[PDB]
A.B. asks: 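Sharing a structure below in structure tokens format, with a few things to ask.
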Amino acid sequence: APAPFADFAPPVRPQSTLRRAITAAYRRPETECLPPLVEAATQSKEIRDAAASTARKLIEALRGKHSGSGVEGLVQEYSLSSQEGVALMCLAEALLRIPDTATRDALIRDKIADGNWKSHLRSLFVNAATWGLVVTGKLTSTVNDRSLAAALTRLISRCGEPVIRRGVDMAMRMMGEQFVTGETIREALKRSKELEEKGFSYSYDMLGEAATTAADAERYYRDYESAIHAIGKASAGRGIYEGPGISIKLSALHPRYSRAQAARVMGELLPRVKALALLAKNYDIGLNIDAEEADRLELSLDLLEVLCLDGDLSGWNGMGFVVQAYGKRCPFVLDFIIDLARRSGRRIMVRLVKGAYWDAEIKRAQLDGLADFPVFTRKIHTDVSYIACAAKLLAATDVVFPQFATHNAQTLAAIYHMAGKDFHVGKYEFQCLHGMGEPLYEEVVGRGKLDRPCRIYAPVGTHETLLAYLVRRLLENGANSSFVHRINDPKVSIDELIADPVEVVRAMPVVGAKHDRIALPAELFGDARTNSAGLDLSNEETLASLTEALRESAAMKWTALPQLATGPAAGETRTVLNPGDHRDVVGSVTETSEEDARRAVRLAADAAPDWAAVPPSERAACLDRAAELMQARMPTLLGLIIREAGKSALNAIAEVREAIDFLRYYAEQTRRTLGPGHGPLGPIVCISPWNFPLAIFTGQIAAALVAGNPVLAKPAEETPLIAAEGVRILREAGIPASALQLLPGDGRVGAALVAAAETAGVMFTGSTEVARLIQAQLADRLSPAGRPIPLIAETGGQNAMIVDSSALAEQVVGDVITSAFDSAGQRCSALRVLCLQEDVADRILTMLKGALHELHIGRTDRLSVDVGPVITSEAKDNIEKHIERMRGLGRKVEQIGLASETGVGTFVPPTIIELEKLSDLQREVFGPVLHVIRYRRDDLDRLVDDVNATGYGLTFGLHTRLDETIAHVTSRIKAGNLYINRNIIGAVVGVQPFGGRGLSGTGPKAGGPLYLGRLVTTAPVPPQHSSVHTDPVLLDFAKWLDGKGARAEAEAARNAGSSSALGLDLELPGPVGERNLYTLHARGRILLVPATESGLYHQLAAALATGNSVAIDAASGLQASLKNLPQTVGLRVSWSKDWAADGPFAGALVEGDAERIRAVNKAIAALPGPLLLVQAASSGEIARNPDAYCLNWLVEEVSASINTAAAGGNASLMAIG
Ligand SMILES: Cc1cc2nc3c(=O)[nH]c(=O)nc-3n(C[C@H](O)[C@H](O)[C@H](O)COP(=O)(O)OP(=O)(O)OC[C@H]3O[C@@H](n4cnc5c(N)ncnc54)[C@H](O)[C@@H]3O)c2cc1C
Ligand SMILES: NC(=O)c1ccc[n+]([C@@H]2O[C@H](COP(=O)([O-])OP(=O)(O)OC[C@H]3O[C@@H](n4cnc5c(N)ncnc54)[C@H](O)[C@@H]3O)[C@@H](O)[C@H]2O)c1
Ligand SMILES: O=C(O)[C@@H]1CCCS1
Ligand SMILES: [Mg+2]
């Protein structure tokens, strides 16, 4: 067997001194980056004055020829509102999808103008967010398609064919001549002659990036190759400076362009770039490598190095490379490139830009919990960085060819004067973007201006292809901080535009301070708690240190023992094997006898007073100390999780982060809530699943402990070692051994603990079928006070994602691959059923299957592994039996081929199964098996019914740009965690409180504010837990009670209406570019089992105040107590003689003495389907205690996470500069 982690993440090449200086700056604090840049960018007073004078002259010329835009003139002529202008351009876009010009004009004249555009023309408004930027300058992430439809009807009925004609002509010009230089490379070359005669040059961009499949990458390759021929033929020997060149993106040329797949990149991507470069060499044209995301920078340097040292490319100086001045590594990258140019003798063309992905870099660093950003956070810092790096490049013009890409007249003027009076073509150049920079550079190019050349970056492509690049440009043009936006702002003076960023930064009190309004990832939650920290698996220093820590973790002799209050106990011992390779022994577990499990509960009960007496603040301090210990131990914990549970490094990082976040969140919630009157339940049994073997394990135990309960921790039999280490950490943090006992073993140990007389509460996460067995055990039992033993049972899912024809296929496929196959589908949240609108299903399926075949399955101690094993041979057999049954029914089955190395472990290949109906699924299949169904748009409401009809309700995803569809689907779906335009596996503690309904859970949600209150006898009021809304049926019921003379019950009903938090609607703090919402809804239909009239009235008031309907036990004989109900109340009331026929219920309220409660609890447990959260009270308790039935457990929590950056950028951060 290969030694564990012996090949985890070896670098492409040994890191030179220059390469290590780059990596060292990756996330350097901003206050350290700026001082050396300020020093390097300093120019003399005489030059600063001359540059300000040049910049003013350029800006005065720009403002003096600035004319109104074509769209603005169109809006003016026809008095359009903003929505009308957007709707008009969407219509024009759709009309231009009709090729035959005469056919289009016939449709306009005889159909569109005459009225119902709906009857003749995929939503018309799929790209309205883009047109919104064009019309209004603002980015909206989703489209209000009902507003746009109304606006289009209004404008057509008001203005007729003439406005439609003007819109079509405007859109045809912008999409054919402004957003691109041409539709094809031949068209773009024909249009370039005019400005080349004026002294400009060109670099053509065949719009293309982020290949998803091998076929995508092949298509982009032959596009680049065909463009090089056309450009080279046109260049006709003009050479690399006067003649045109090409720009490429490495992400276009391989579907797995990432550091994790570096070996594939060097083996498969590099030869393709070399082949393109050889053709560019033969024509003697430039070939530029564009810069992309920050985690691709250093990888791209390995390709640049090999290409510049390759003798087959010698004699050609056209290789070019972009460096992004908004990045903290920029000057060190330039040092590396300048040295590479010296070593190779290649005069590398270096394009200095600021950078195009700023919003996304802020979001990514926050999501990943990294130390700092890889980009600056103040715009002026990027400006100083640019000028500092320009000074470095201008000192090296013998060795490199600097290309200064900017539309900022202040930046340009500073460099023009920095470069001085000696110039020749080939020394350096400026660059600009087509349709953006020509007004500025027509004041620069030419003997009559500044006599410096400019190369125009010219996008080339069809209307369809122009997508992502266009929104990046329009974001750029619209950002409050952008020069091209400020030049048009009449409130911004020329003196403000020519302000010298170098001197402004120098004069600030704290030079280089982070932006005040952008939180470091550690500070996402402010004073509430410290965010967990992750690890950057693109950082070579991190990979090197992690490799050592992982190897060291694999040499440790991990054990798990029955850790009773009195010390470790003896038992049956066996080895724990790596699921990816059974030859790899990870450790040993000693399992707990049923006798010792019962003994542990008795020890827990004897120790309960001593732990309850530890004040809540000190219990929370133990949790916070445990979190610090797990954070410090993360690399070792990663290694154990990788080998014991079959997790990849990325997934193990997320797992340890979640454990840290649980500890800190429950600690803070404790400090916000728990006081002397919130008494503990007593010994709590925590039974946890194998698949999140540290995070869910820790979360349940931490919550029970901090609420003052001693815990019996029973980890899954598959994953005892990481559980034992978590208990060791909690004990080191100060949790006494009597308060936290570890009982390894199988379900027999869990059952023995559940059944023990002193067990006062059970926290279960696992399969629905096991939860039902525990529900049956507990229905036999009552507390010493005669009440049900509280059970939190968080169970399985049958999770769907709905995708309509407005979604972006590339986004969908990435989120589907992650949601369905991450962790080999062994997430309770994993995507099980993908629902594709019929019109786009074939294209998305083709793309999905292509992405599937790029996944690497194997033992997870290699960074290049995407999908690990399933946990056991029994799990594998159960999953494969499902796949074969489906294959036997003739369903299409797509499967990855598995390498021979997988035979030593238990692997199932990622699988796509195309189904005909959702009813083709019976139970959760906990493996890498995605089911695909198709639907017609008009059947969307029925499809949501079908998703709800499974009885599950855990996670749910929707990909759409259309507000009407978002409103429709999210109001009708019944699931606990919703996700819009993102993956569906998010469970960030305190951000997406996690947990579902129906067959998926009882609640309350883990990682949410109602959780701790379930673990004490009297629940506290959670932070922010209130609602000003009163249920109207409750109000009608209270009036009916008063009319019947039941004055005390009517008062209790009004009080319940006020106390209810139904209607709570909050936004939770989290990362930028996401909205995370938390809401309280009705649970559904509550089963009422009353004994007395007053008890019935109290039960009904509690259920109605929380928005529920009820089914009342007809055997109570209390029908005559509810005569003459208002129709509003009657609609919510039914009577049930056969409870099993009238479900599923969403909870129950029971009145009676102890043996009546026990009898009813058994009858409720026998009902088919979901576990019911039952609350019971005696008649006397209802009389004495207004909170006899707690309203916390009669509402349902819903979490919704919306990716607001999905349209291609972040509107909120556009105002942050
Ligand atoms: C010809 C050409 C080629 C280009 N090629 C690439 C490329 O391959 N890869 C790439 O990533 N970019 C590239 N760019 C740059 C990018 O597309 C933008 O055009 C450029 O960043 C805008 O800078 P500016 O000097 O025109 O305008 P300015 O208004 O002076 O500067 C705007 C820039 O400031 C930065 N910024 C904004 N807010 C903040 C903030 N709060 N904190 C820190 N920085 C901030 C951003 O980089 C933003 O784009 C290219 C640009 C041109 C003209
Ligand atoms: N809703 C959530 O938040 C969530 C999270 C993770 C996993 N899950 C669900 O958990 C399942 C996968 O985890 P698993 O395979 O470890 O679940 P499982 O039901 O097989 O076992 C979970 C735990 O119950 C114990 N157990 C088994 N039989 C028992 C019995 N008769 N009495 C008492 N305890 C018994 C097991 O030993 C284990 O500790 C999946 O169905 C998944 O959907 C849900
Ligand atoms: O948005 C983009 O594509 C960047 C700007 C020009 C090339 S890289
Ligand atoms: Mg099991």
Side-chain angles (χ1 to χ4, degrees), residues 203 205 207-209 247-249 251 288-292 322 324 351 353-357 405 431-434 436 457-459 468-476 645 685-693 695-697 699-700 713-720 723 743-755 762 764-778 792-799 825-830 832 870-872 874-875 878 924-927 952-955 976-977 987 994-997 999-1003 1005-1007 1208-1209:
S203 179
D205 170 24
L207 293 159
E209 62 191 67
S247 292
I248 68 175
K249 285 181 165 66
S251 72
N288 171 264
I289 297 169
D290 287 346
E292 302 187 71
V322 177
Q324 299 150 313
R351 181 198 297 158
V353 306
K354 288 175 193 181
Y357 307 83
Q431 299 197 349
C432 71
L433 293 177
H434 171 87
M436 259 178 102
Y457 186 98
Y469 175 96
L470 185 52
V471 181
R472 277 196 305 261
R473 302 284 74 72
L474 294 170
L475 256 60
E476 176 182 351
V685 171
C686 299
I687 293 159
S688 51
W690 77 265
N691 70 299
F692 298 139
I696 292 193
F697 179 79
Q700 297 190 133
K714 213 301 292 180
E717 55 268 26
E718 296 92 342
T719 54
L743 298 318
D746 60 24
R748 282 178 299 145
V749 182
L753 294 171
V754 170
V762 176
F764 176 80
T765 303
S767 66
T768 303
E769 17 288 306
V770 169
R772 182 173 295 119
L773 294 168
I774 293 171
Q775 178 198 33
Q777 282 185 285
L778 289 179
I792 305 181
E794 299 301 277
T795 46
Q798 191 69 282
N799 312 304
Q826 296 167 121
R827 292 182 180 263
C828 59
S829 54
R832 308 307 186 184
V870 298
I871 187 59
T872 58
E874 309 90 270
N878 184 265
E924 173 191 55
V925 177
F926 203 66
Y952 292 96
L954 190 50
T955 60
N977 281 83
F994 187 82
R997 59 168 329 282
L999 299 171
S1000 297
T1002 59
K1005 285 173 173 284

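Positions are given from 1, in the same order as the sequence printed here. Just follow the structure's listing: the first ligand is 1, and inside any ligand the first atom is 1.
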A.B. asks: Between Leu954 and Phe994, is the side chain to side chain contact (heavy atoms under 4.5 Å, CB included) condition met? List the steps.
C.D. replies: CA-CA 8 Å; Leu954 190 50; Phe994 187 82; 3.8 Å; yes
A.B. asks: Of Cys828, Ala875, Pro715, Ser1000, which has the heavy atom at the shortest distance from atom 2 (C) of ligand 2?
C.D. replies: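 Nearest heavy atom to atom 2 (C) of ligand 2 lies in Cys828.
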A.B. asks: Indicate yes or no: at least one non-hydrogen side-chain atom of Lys1005 is less than 4.5 angstrom from one of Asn977.
C.D. replies: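 Yes. Closest side-chain heavy atoms under 4.5 Å.
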A.B. asks: Considering only heavy atoms of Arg472, which atoms of ligand 3 have at least one such atom less than 4.0 Å away?
C.D. replies: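 Atoms satisfying the 4.0 Å criterion: 1 (O), 2 (C), 3 (O).
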A.B. asks: State, with a plain yes or no, whether a side-chain heavy atom of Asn691 is found less than 4.5 Å away from one of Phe926.
C.D. replies: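 Side chain of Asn691 against side chain of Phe926, heavy atoms only: contact under 4.5 Å found.
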A.B. asks: Would you indicate whether the side-chain heavy atoms of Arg832 and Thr955 approach each other to under 4.5 Å?
C.D. replies: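 Counting from C-beta outward, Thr955 and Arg832 never come under 4.5 Å.
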A.B. asks: Can you find a side-chain donor-acceptor pair between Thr765 and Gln700 that sits under 3.5 Å?
C.D. replies: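 There is such a pair between these side chains.
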A.B. asks: Quick one: does ligand 2 sit under 4.0 Å from the side chain of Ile774, the backbone, both or neither, non-hydrogen atoms only?
C.D. replies: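 Side chain only; the backbone of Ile774 stays clear of ligand 2.
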A.B. asks: Show your reasoning for whether side chain to side chain contact (heavy atoms under 4.5 Å, CB included) applies to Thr795 and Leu999.
C.D. replies: CA-CA 7 Å; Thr795 46; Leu999 299 171; 5.6 Å; no
A.B. asks: Can a non-hydrogen atom of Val754 be found less than 4.0 Å from any atom of ligand 2?
C.D. replies: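 The answer is no: ligand 2 sits nowhere under 4.0 Å from a heavy atom of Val754.
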A.B. asks: Do ligand 2 and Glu718 have nitrogen or oxygen atoms that lie under 3.5 Å from each other?
C.D. replies: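 For ligand 2, there is no N or O atom that lies under 3.5 Å from one belonging to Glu718.
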A.B. asks: Would you say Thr768 and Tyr952 make side-chain contact, with heavy atoms under 4.5 Å?
C.D. replies: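 When only atoms from C-beta onward are counted, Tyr952 and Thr768 do touch, with a gap below 4.5 Å.
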A.B. asks: When only distance counts, is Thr765 in polar contact with ligand 2, meaning an N/O pair under 3.5 Å?
C.D. replies: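 The answer is no, given that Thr765 and ligand 2 share no N or O pair closer than 3.5 Å.
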A.B. asks: Does the pair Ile774 and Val762 meet the rule for a side chain to side chain contact (heavy atoms under 4.5 Å, CB included), with working shown?
C.D. replies: CA-CA 9 Å; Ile774 293 171; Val762 176; 4.3 Å; yes
A.B. asks: Which of these, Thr955, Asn977, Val770, has its nearest heavy atom closest to atom 35 (C) of ligand 2?
C.D. replies: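 The nearest heavy atom belongs to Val770.
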A.B. asks: Hey, does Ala716 sit under 4.0 Å from ligand 2 if you only count heavy atoms?
C.D. replies: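 A heavy atom of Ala716 does come that close to ligand 2.
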A.B. asks: Just to be sure I'm reading this right: ignoring hydrogens, which of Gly976, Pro689, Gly1001 gets closest to atom 13 (O) of ligand 2? Compare them by their nearest heavy atoms.
C.D. replies: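 Among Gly976, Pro689, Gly1001, the closest heavy atom to atom 13 (O) of ligand 2 comes from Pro689.
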A.B. asks: Say whether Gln777, considering both its backbone and side-chain N or O atoms, lies within less than 3.5 Å of an N or O atom on ligand 2.
C.D. replies: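 No, there is no polar N/O contact under 3.5 Å.
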A.B. asks: Which option wins on minimum heavy-atom distance to atom 34 (N) of ligand 2: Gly747, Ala987, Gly1003?
C.D. replies: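 Among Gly747, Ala987, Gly1003, the closest heavy atom to atom 34 (N) of ligand 2 comes from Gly747.
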A.B. asks: Could you tell me if any non-hydrogen atom of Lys249 lies under 4.0 Å from any atom of ligand 3?
C.D. replies: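 Yes.
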A.B. asks: Does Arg473 have a heavy atom less than 4.0 Å from any atom of ligand 3?
C.D. replies: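 Under 4.0 Å: yes for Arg473.
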A.B. asks: Are a donor atom and an acceptor atom from the side chains of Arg351 and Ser247 found within less than 3.5 Å of each other?
C.D. replies: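 There is such a pair (donor and acceptor under 3.5 Å, judged by atom type) between the side chains of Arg351 and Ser247.
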A.B. asks: Which ligand 3 atoms, with their elements, are less than 4.0 angstrom from a heavy-atom of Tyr469?
C.D. replies: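 By the 4.0 Å cutoff, the relevant atoms are 1 (O), 2 (C), 3 (O), 6 (C).
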A.B. asks: Can you find a heavy atom in the side chain of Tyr469 that is under 4.5 Å from one in the side chain of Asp205?
C.D. replies: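 In short, these two side chains touch, coming nearer than 4.5 Å.
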A.B. asks: Need the ligand 3 atom indices (1-based, order shown) with element for anything under 4.0 Å from a heavy-atom of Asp290.
C.D. replies: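 That gives atoms 7 (C) of ligand 3.
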A.B. asks: With side chains defined as the heavy atoms from C-beta onward, is the minimum distance between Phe692 and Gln826 less than 4.5 Å?
C.D. replies: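 The answer is no; the side chains never approach within 4.5 Å.
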A.B. asks: With respect to atom 39 (O) of ligand 2, which of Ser688, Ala771, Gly750 exhibits the smallest heavy-atom separation?
C.D. replies: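 Result: the heavy atom closest to atom 39 (O) of ligand 2 is in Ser688.
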A.B. asks: Going by heavy-atom distance to atom 9 (C) of ligand 2, choose the closest among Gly699, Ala695, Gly766.
C.D. replies: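 Minimum heavy-atom distance to atom 9 (C) of ligand 2 goes to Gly766.
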A.B. asks: So, are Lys354 and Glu476 salt-bridged, with charged N and O less than 4.0 Å apart?
C.D. replies: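 No salt bridge links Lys354 with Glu476.
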A.B. asks: Could you say whether the N/O atoms of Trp690 and ligand 2 ever approach to under 3.5 Å?
C.D. replies: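 Yes, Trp690 has an N/O under 3.5 Å of an N/O on ligand 2.
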A.B. asks: Where the closest heavy atom to atom 42 (C) of ligand 2 is concerned, which of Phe926, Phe692, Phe994 has it?
C.D. replies: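 Looking at heavy atoms only, the winner is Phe926.
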A.B. asks: When you measure from atom 21 (O) of ligand 2 to the protein, is at least one non-hydrogen atom found at a distance under 4.0 Å?
C.D. replies: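 No; the ligand atom in question lacks any protein heavy-atom contact below 4.0 Å.
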